[PDB]
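Participant: as a preliminary step, the opening chains of the complex are given here in situ:
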Amino acid sequence: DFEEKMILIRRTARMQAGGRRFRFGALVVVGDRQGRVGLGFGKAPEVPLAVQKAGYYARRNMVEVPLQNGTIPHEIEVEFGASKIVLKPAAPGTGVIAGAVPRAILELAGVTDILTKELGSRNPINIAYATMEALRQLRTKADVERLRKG
Amino acid sequence: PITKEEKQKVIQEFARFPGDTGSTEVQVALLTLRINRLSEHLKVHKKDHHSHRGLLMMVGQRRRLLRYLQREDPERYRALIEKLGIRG
């Protein structure tokens, strides 16, 4: 069990004789606040059900956010489909300047100071998965040269 | 077309030295020969356009060369262009 704050909830719909049938999509974020965040998108016949599943699916999908002093290790641009996103680390006591999404995710990420911006499609879902792959691609001076050993 | 025999005459006539199967002087002399030939042709088959195209290329290619020549060396440029009697 972590923070567990849901990005967005919606009501999709499908067609069939007699009428349209519904379902619900819930996108949730789950982070401890020490460098662990998970992103799960849950769909099911009812809001609650959706919600929960999002959580479950989330925990089952997390990532080690290599924080540092309260911000990200370095600048990063990540294109994911139509969506794009920039992430720039700000000096301590700066703020988490990002839109609803990258925030909600980055808040639990553990970061307290980071500069951002949504580029291209601002779609939640996609920016969401966008933010993830962003983090999931960060590096530290250590694990950096840790690779260039030789 | 052009007999191997006649084609040679040209080559042997412009070779900057014994042998010399290629080179500017030559490549040019040769193109020319082909050009006029082809020229005289179309001067009869106006309707034969596709072949016309071929001329142009042959034509430009020669332009190119001379340009290089003129650049690299004027002396034997005037020479060649003169002997072939070109640039009208």
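Facilitator: Sure, I can see it. Numbering: from 1, shown residues only, chains lettered A, B, ... in the order given.
Participant: can you give me the helices for the chain?
Facilitator: Here I'm looking at chain A. Ranges of helices in chain A, per DSSP state H, are A:47-59, A:100-109, A:124-135, A:141-145.
Participant: meant chain B, my bad for not saying
Facilitator: Under DSSP H, chain B gives helices at B:4-14, B:24-42, B:49-72, B:75-84.
Participant: winner for burial among those?
Facilitator: helix B:24-42 (a mean of 17; mean count of other Cβ atoms under 10 Å in any protein chain shown). Every C-beta, even on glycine, is put in place using the N, C-alpha and C of the backbone.
Participant: using PDB, write out every CA atom in that helix.
Facilitator: Output of helix B:24-42 as PDB, limited to C-alpha atoms (Å, rounded to 0.1, in the frame of the first residue of the first chain):
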ATOM      1  CA  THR B  24      39.400  14.700 -70.800                       C
ATOM      2  CA  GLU B  25      40.800  15.400 -74.200                       C
ATOM      3  CA  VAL B  26      39.500  12.100 -75.300                       C
ATOM      4  CA  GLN B  27      36.200  11.800 -73.400                       C
ATOM      5  CA  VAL B  28      35.400  15.100 -75.100                       C
ATOM      6  CA  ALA B  29      36.600  14.300 -78.600                       C
ATOM      7  CA  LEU B  30      34.500  11.100 -78.300                       C
ATOM      8  CA  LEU B  31      31.400  12.700 -77.000                       C
ATOM      9  CA  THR B  32      31.600  15.300 -79.800                       C
ATOM     10  CA  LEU B  33      31.800  12.600 -82.400                       C
ATOM     11  CA  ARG B  34      28.700  11.000 -80.900                       C
ATOM     12  CA  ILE B  35      26.900  14.300 -80.600                       C
ATOM     13  CA  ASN B  36      27.200  15.500 -84.200                       C
ATOM     14  CA  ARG B  37      26.300  12.000 -85.400                       C
ATOM     15  CA  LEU B  38      23.200  12.000 -83.100                       C
ATOM     16  CA  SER B  39      22.700  15.600 -84.100                       C
ATOM     17  CA  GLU B  40      22.500  14.900 -87.900                       C
ATOM     18  CA  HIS B  41      20.100  12.200 -86.900                       C
ATOM     19  CA  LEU B  42      17.400  14.200 -85.200                       C
END
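Participant: out of the helices of chain A, flag the one nearest residue B:45.
Facilitator: Closest approach to residue B:45 among the helices of chain A (Cβ to Cβ): helix A:124-135, 63.8 Å.
Participant: now the closest one: buried residues?
Facilitator: Using 16 or more other Cβ atoms under 10 Å in any protein chain shown as the test for burial, helix A:124-135 gives A:124-132, A:134-135.
Participant: then chain C, please:
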Amino acid sequence: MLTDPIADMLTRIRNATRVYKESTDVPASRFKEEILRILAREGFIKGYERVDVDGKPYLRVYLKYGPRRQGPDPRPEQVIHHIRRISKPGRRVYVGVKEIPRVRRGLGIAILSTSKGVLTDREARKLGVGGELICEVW
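Facilitator: Chain C added:
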């Protein structure tokens, strides 16, 4: 006919790497080896060496990759996740000593040509100079 040989070298490298190959052979070029030397002197590649494909002198460039991975797509991470030329022939890119780039918040590099040799985003800065911002790796 290759307009910018350098941008090529990178691309050849950027491609061979993206597939995980032992070594790649970029055509001989003093100035090229420089970006190479530096590329290695900074630990991005096992190294390189001169060769000859029938009177055709190239340069074997040994690529360095990471450790195998756990899970789907067990494809080993790479040492160079990104190389991209800056100063292109279609738009020369020069920088003053105060203008030199800060590649990947320091984790990165930025090879560049200077009046006094080929240095990097730190070296050149230390030498306190400037020149054609050749490119950036990291």
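Participant: quick one: residue A:77 and residue A:116 touch, right?
Facilitator: No: between residue A:77 and residue A:116 there is no contact under Cβ atoms under 8 Å: 10.7 Å.
Participant: any common contacting residues for the two?
Facilitator: Shared contacts of residue A:77 and residue A:116 (Cβ atoms under 8 Å, 6 or more residues apart in numbering or on different chains): A:85-87.
Participant: what parts of chain A come near chain C?
Facilitator: A:73-75, A:89, A:139, A:141, A:144-145, A:147-150 (Cβ under 8 Å from any Cβ of the partner chain).
Participant: please identify which pair of those lies farthest apart.
Facilitator: Among the residues of chain A next to chain C, A:89 and A:150 lie farthest apart (Cβ to Cβ), at 28.3 Å.
Participant: for those two, work out which one has more neighbours and name it.
Facilitator: It is residue A:89, of residue A:89 and residue A:150, that has more neighbours when counted by other Cβ atoms under 10 Å in any protein chain shown, with 21 against 12.
Participant: between residue A:77 and residue A:116, which has more neighbouring residues?
Facilitator: Ranked by neighbour count (other Cβ under 10 Å), residue A:77 and residue A:116 place residue A:116 first, with 22 against 12.
Participant: now for the nearest residue to the more buried one once chain neighbours are set aside, how many residues are close by?
Facilitator: Nearest non-adjacent residue to residue A:116, counting by Cβ to Cβ, 6 or more residues apart in numbering or on different chains: residue A:98, 3.7 Å away. For residue A:98, the neighbour count with other Cβ under 10 Å is 23.
Participant: what sits against residue A:98?
Facilitator: Counting by Cβ under 8 Å, 6+ apart, residue A:98 has contacts A:106, A:114, A:116-118.
Participant: which of those ranks first by neighbour count?
Facilitator: residue A:106 (26 neighbours).
Participant: that one against residue A:99, yeah?
Facilitator: No: using Cβ under 8 Å, residue A:106 makes no contact with residue A:99, being 10.5 Å away.
Participant: follow-up on the earlier one: check the contacts of residue A:98 and tell me the two furthest apart.
Facilitator: Across the contacts of residue A:98 (Cβ to Cβ), the longest gap, 13.5 Å, separates A:114 and A:118.
Participant: ok, the residue located most distally from the centre of chain A to residue C:99 distance?
Facilitator: Distance to the chain centre peaks in chain A at residue A:18, reaching 38.6 Å (criterion: Cα atoms, centre = their mean). The gap separating residue A:18 from residue C:99 is 68 Å, by Cβ to Cβ, to the nearest Å.
Participant: so residue C:75 is in which element?
Facilitator: Take DSSP states H and E as the rule and residue C:75 turns out to sit in neither a helix nor a strand.
Participant: ok, now chain D:
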Amino acid sequence: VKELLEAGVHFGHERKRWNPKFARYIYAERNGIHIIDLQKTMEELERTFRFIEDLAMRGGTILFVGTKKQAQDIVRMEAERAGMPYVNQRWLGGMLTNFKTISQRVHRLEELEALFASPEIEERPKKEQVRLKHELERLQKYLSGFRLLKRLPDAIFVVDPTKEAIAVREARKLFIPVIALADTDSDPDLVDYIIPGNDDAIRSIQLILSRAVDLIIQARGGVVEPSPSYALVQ
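Facilitator: With chain D now in place:
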């Protein structure tokens, strides 16, 4: 002892319908077929069994699978003759990946396995007597080797990976050491402990699978003679 056996008739397989990745494991193309390089094979066999051994001695269960006919039977053997779970029939989808749910059937097995011997048989209409009895025939028809341990494997051994790559996948998403005997018609990369060598000729399958189970037992105590291999083996 090793070489000879293999060199015997257990190498070189699929021809001209390969995978370039697997180009590191192959000597040449004789009259068409790809002659896998045993020299290297050996080396790999090592690291593989090393792992097996470094696991067979630490109380770890392994799951073997082979859904191809030219290798079914044997796999059924080597498994029971080692207490290691296995799959000889249709490798259900989401086994490892949806274990908890697949298990649900395993439980349904005994659910009947018990109602099998009972006085409740006195009643019950022929409708069910046939329904259940049948519902068990198949039930029992697929889990005969997928029950034993009610816990995921620490690894999985397999014949032709690509043939059962689906299992493999499941395994890989769940992080589970993958070991298998693959030939030239397969991609290594997504295989952890690769046993390069023929995947159809039961000749090679038996061998590589045999010395495997023994090795599983050498780390348990009870070295004996081989298992029933010949019965119609050519």
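Participant: since we added chain D, can you redo the neighbour count of residue A:98?
Facilitator: 23.
Participant: residue A:41 versus that one, what's the distance?
Facilitator: From residue A:98 over to residue A:41 the distance is 19 Å, taken as Cβ to Cβ.
Participant: next: residue C:19.
Facilitator: In this view, residue C:19 and residue A:41 are 32 Å apart by Cβ to Cβ.
Participant: of the two, which one has the most company?
Facilitator: Ranked by neighbour count (other Cβ under 10 Å), residue C:19 and residue A:41 place residue A:41 first, with 21 against 8.
Participant: residue contacts, that one?
Facilitator: Shown in contact with residue A:41 (Cβ under 8 Å, 6+ apart): A:25-28, A:54, A:57, A:125, A:128.
Participant: for chain D, what is the nearest residue in chain C?
Facilitator: As assessed by Cβ to the nearest Cβ, chain D sits closest to residue C:72 within chain C, at 5.0 Å.
Participant: can I assume that residue is in contact with residue D:169?
Facilitator: Yes: counting by Cβ under 8 Å, residue D:169 is a contact partner of residue C:72 at 7.3 Å.
Participant: these two: which is more packed in?
Facilitator: residue D:169 (16 against 13).
Participant: for the helix or strand containing the more buried one, packing partners?
Facilitator: Using DSSP H and E, residue D:169 sits in helix D:165-173. Applying 3 or more Cβ pairs under 8 Å, 6 or more residues apart in numbering or on different chains; DSSP states H and E, one finds that helix D:165-173 contacts strand D:156-158, strand D:178-182.
Participant: residues from chain C in reach of chain D?
Facilitator: C:70-72, C:74-75.
Participant: which pair in these spans the largest distance?
Facilitator: Greatest spacing in these, by Cβ to Cβ: C:70 and C:75 (11.5 Å).
Participant: out of those two, which sits in the busier spot?
Facilitator: Neighbour count, other Cβ under 10 Å: between residue C:70 and residue C:75, residue C:75 has more, with 14 against 11.
Participant: gap between the two ends of stretch D:75-88?
Facilitator: In stretch D:75-88, first residue to last residue: 7 Å (Cα to Cα, to the nearest Å).
Participant: tell me the gap between it and the middle of its chain.
Facilitator: 7 Å (Cα atoms, centre = their mean, to the nearest Å).
Participant: stretch A:103-119 too?
Facilitator: 9 Å.
Participant: before we move on, what about stretch D:189-203?
Facilitator: Between the centre of stretch D:189-203 and the centre of its chain there are 11 Å (Cα atoms, centre = their mean).
Participant: also stretch B:75-86?
Facilitator: On Cα atoms, centre = their mean, the centre of stretch B:75-86 falls 11 Å from the chain's centre.
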